[PDB]
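Chemist: from the sequence below, what's the structure:
(one chain, ligands or ions: 1)
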Amino acid sequence: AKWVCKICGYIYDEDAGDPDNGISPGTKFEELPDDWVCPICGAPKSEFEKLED
Ligand SMILES: [Fe+3]
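Modeler: Numbering: from 1, shown residues only. The structure is reproduced below:
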């Protein structure tokens, strides 16, 4: 699934993970660390919204 950072527009794609920041591919948004932030603007996880209907 994909989740968008409502602050900058970054898209956390579970399939891609965030390797740069210690998150391998396939890591579900809910399994990210409570301390994980957007790699682009630093917004907390709370500012992400899943892309679903
Ligand atoms: Fe962001």
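Chemist: which residues of this structure lie near the ion?
Modeler: Counting by Cβ under 5 Å from the ion, the chain comes close to the ion at 5, 7, 8, 10, 38, 40, 41, 43. All C-beta spots, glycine's among them, are computed from the backbone N, C-alpha and C.
Chemist: could you turn the buried ones of those residues into a PyMOL selection?
Modeler: Those of the residues of the chain next to the ion that count as buried under 16 or more other Cβ atoms under 10 Å are selected in PyMOL with:
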select buried, resi 5+10+38
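Chemist: kindly reformat the residues of the chain next to the ion as TSV containing distance to residue 24.
Modeler: Rendered in TSV, the data for these read as follows (distance: Cβ to Cβ, whole Å):
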residue	distance to residue 24
5	20
7	24
8	22
10	18
38	18
40	19
41	22
43	21
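Chemist: helix/strand/coil for the spatially most central residue of the chain?
Modeler: Nearest to the geometric centre of the chain sits residue 12, at 3.6 Å (Cα atoms, centre = their mean). Taken by DSSP: H, G, I helix; E, B strand; the rest coil, the conformation at residue 12 corresponds to strand.
Chemist: residue contacts, it?
Modeler: Residues near residue 12 by Cβ atoms under 8 Å, 6 or more residues apart in numbering: 2, 3, 4, 5, 18, 29, 32, 38, 48.
Chemist: ok, what's across the strand from it?
Modeler: Listed beta-bridge partners, residue 12: residue 3 (assigned using DSSP bridges).
Chemist: possible to save the residues of the chain next to the ion as CSV with secondary structure?
Modeler: Output for these, formatted as CSV (three-state DSSP):
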residue, secondary structure
5, strand
7, coil
8, coil
10, coil
38, coil
40, coil
41, coil
43, coil
